[PDB]
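Undergrad: Take a look at the following structure, please.
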There are 2 protein chains.
Amino acid sequence: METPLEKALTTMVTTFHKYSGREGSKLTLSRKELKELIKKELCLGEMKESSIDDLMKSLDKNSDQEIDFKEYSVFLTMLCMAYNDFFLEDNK
Amino acid sequence: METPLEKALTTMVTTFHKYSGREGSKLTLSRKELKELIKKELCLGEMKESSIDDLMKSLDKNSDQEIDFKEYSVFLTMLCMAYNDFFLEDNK
């Protein structure tokens with residue numbers, strides 16, 4: 001369609017299909033493998049540490065149950081908010 | 001940052017800051033603003049319809065309250081999952 005957010009969602013669904021499109025579901029996978037997707041396709045857990053280190057372990061906390069694209073996008077978003085101080089003015 | 005899935009987050013923060021960063025919060029905006037953001041970020045009036053309005057109507061529902069970055073990313077995730085049968089197998 002050639003809109004800029006279409007290329008964001010295209011990127012997210014193509015990188016999700018890089019780990020789900022092996023197997024019997026293309027919208028879900030295990031908590032274990034989404035965690036792995038994030039640290040491979042997004043360099044962040046080497047620039048940053050605090051909270052990112054639990055969110056990683058918080059999929060792997062139960063690990064081998066399924067997730068949909070929601071638990072993917074809230075974690076990508078929540079993790080972005082942990083260094084989005086590039087968009088603040090001050091401590092608030 | 002600079003790995004392929006960043007360019008999705010980079011897009012989402014670049015677009016969202018163009019309708020939050022009108023006013024004194026560069027991380028929140030109204031339910032009216034999220035509605036404006038999405039209908040300029042994507043064309044939607046020609047593909048899958050109608051089930052795309054009760055989501056936007058669910059912004060109208062409380063229209064003058066605020067919205068965060070996460071409501072924004074789960075609404076777009078939800079809406080992408082609501083009409084990309086184009087990613088599936090058929091069948092359920």
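Residues in the structure tokens are numbered from 1 in each chain, the chains being A, B, ... in the order shown, and ligands are numbered from 1 in the order shown.
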Would you give me, as JSON lines, each residue of chain B having an atom within 7 Å of an atom of chain A, along with its shortest atom pair and that distance in Å to one decimal, using only C-alpha atoms and sorting by chain and residue number?
TA:
{"residue": "B:1", "atom": "CA", "partner": "A:43", "partner_atom": "CA", "distance": 5.0}
{"residue": "B:2", "atom": "CA", "partner": "A:43", "partner_atom": "CA", "distance": 6.7}
{"residue": "B:3", "atom": "CA", "partner": "A:42", "partner_atom": "CA", "distance": 5.5}
{"residue": "B:4", "atom": "CA", "partner": "A:41", "partner_atom": "CA", "distance": 5.9}
{"residue": "B:5", "atom": "CA", "partner": "A:41", "partner_atom": "CA", "distance": 5.4}
{"residue": "B:6", "atom": "CA", "partner": "A:42", "partner_atom": "CA", "distance": 5.9}
{"residue": "B:7", "atom": "CA", "partner": "A:8", "partner_atom": "CA", "distance": 6.7}
{"residue": "B:8", "atom": "CA", "partner": "A:8", "partner_atom": "CA", "distance": 3.9}
{"residue": "B:11", "atom": "CA", "partner": "A:8", "partner_atom": "CA", "distance": 6.1}
{"residue": "B:12", "atom": "CA", "partner": "A:5", "partner_atom": "CA", "distance": 6.9}
{"residue": "B:26", "atom": "CA", "partner": "A:87", "partner_atom": "CA", "distance": 6.4}
{"residue": "B:41", "atom": "CA", "partner": "A:5", "partner_atom": "CA", "distance": 5.4}
{"residue": "B:42", "atom": "CA", "partner": "A:3", "partner_atom": "CA", "distance": 5.8}
{"residue": "B:70", "atom": "CA", "partner": "A:74", "partner_atom": "CA", "distance": 6.1}
{"residue": "B:73", "atom": "CA", "partner": "A:73", "partner_atom": "CA", "distance": 6.4}
{"residue": "B:74", "atom": "CA", "partner": "A:70", "partner_atom": "CA", "distance": 6.1}
{"residue": "B:77", "atom": "CA", "partner": "A:70", "partner_atom": "CA", "distance": 6.4}
{"residue": "B:88", "atom": "CA", "partner": "A:26", "partner_atom": "CA", "distance": 6.5}
Undergrad: Which RMSD value, in Å, follows from superposing chain A onto chain B on all C-alpha atoms in order by least squares?
TA: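 Rounded to one decimal, the C-alpha RMSD is 1.1 Å.
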Undergrad: Chain A: which residues are helix (DSSP H, G or I) by DSSP, as a VMD selection string?
TA: chain A and resid 4 to 20 31 to 41 52 to 59 69 to 81 84 to 87
Undergrad: With a distance cut-off of 9 Å and only C-alpha atoms, select the neighbouring residues of residue 62 (chain A), excluding the residue or stretch itself and same-chain residues fewer than 3 positions from it, and output the selection as a PyMOL selection string.
TA: chain A and resi 31-32+58-59+65
Undergrad: Excluding residue 63 (chain B) and residues on its chain fewer than 3 positions from it, collect all residues at most 12 Å away from it, counting only C-alpha atoms, and give them as a VMD selection string.
TA: chain B and resid 29 to 36 56 to 60 66 to 67
Undergrad: What would the file look like if the residues just selected were written as a PDB file, in the first residue's frame with C-alpha atoms?
TA:
ATOM      1  CA  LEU B  29      -2.187  11.954  23.197  1.00  0.00           C
ATOM      2  CA  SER B  30      -6.066  11.940  23.209  1.00  0.00           C
ATOM      3  CA  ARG B  31      -8.368   9.212  21.802  1.00  0.00           C
ATOM      4  CA  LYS B  32      -9.097  11.890  19.072  1.00  0.00           C
ATOM      5  CA  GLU B  33      -5.323  12.096  18.280  1.00  0.00           C
ATOM      6  CA  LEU B  34      -4.801   8.278  18.025  1.00  0.00           C
ATOM      7  CA  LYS B  35      -7.702   8.223  15.510  1.00  0.00           C
ATOM      8  CA  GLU B  36      -5.993  10.994  13.430  1.00  0.00           C
ATOM      9  CA  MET B  56     -11.923   3.644  16.278  1.00  0.00           C
ATOM     10  CA  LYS B  57     -15.369   3.923  17.949  1.00  0.00           C
ATOM     11  CA  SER B  58     -13.670   2.488  21.045  1.00  0.00           C
ATOM     12  CA  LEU B  59     -11.509   5.697  20.853  1.00  0.00           C
ATOM     13  CA  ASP B  60     -14.670   7.846  20.383  1.00  0.00           C
ATOM     14  CA  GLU B  66      -5.557  10.339  26.963  1.00  0.00           C
ATOM     15  CA  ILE B  67      -3.884   7.292  25.280  1.00  0.00           C
TER      16      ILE B  67
END
Undergrad: As a list in words, which residues of region 24-83 of chain B does DSSP assign to strand (DSSP E or B)?
TA: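 Strand (DSSP E or B) members of region 24-83 of chain B, listed: residues 28, 29, 30, 66, 67 and 68 of chain B.
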Undergrad: May I have the residues from that selection written out with N, CA and C atoms, as a short mmCIF file (atom, residue, chain, number, x, y, z; two decimals), in the first residue's frame?
TA:
data_model
loop_
_atom_site.label_atom_id
_atom_site.label_comp_id
_atom_site.auth_asym_id
_atom_site.auth_seq_id
_atom_site.Cartn_x
_atom_site.Cartn_y
_atom_site.Cartn_z
N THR B 28 2.10 10.70 25.39
CA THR B 28 0.64 10.49 25.40
C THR B 28 -0.04 11.43 24.41
N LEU B 29 -1.31 11.17 24.10
CA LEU B 29 -2.19 11.95 23.20
C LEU B 29 -3.66 11.57 23.44
N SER B 30 -4.66 12.31 22.95
CA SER B 30 -6.07 11.94 23.21
C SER B 30 -6.55 10.73 22.37
N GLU B 66 -6.85 10.71 27.52
CA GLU B 66 -5.56 10.34 26.96
C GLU B 66 -5.45 8.84 26.62
N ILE B 67 -4.41 8.55 25.84
CA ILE B 67 -3.88 7.29 25.28
C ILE B 67 -2.35 7.30 25.39
N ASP B 68 -1.75 6.14 25.64
CA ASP B 68 -0.29 5.94 25.63
C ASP B 68 0.24 5.18 24.39
#
Undergrad: I'd like the interatomic distance between CA of residue 23 (chain A) and CA of residue 90 (chain B), to a tenth of an Å.
TA: 15.0 Å
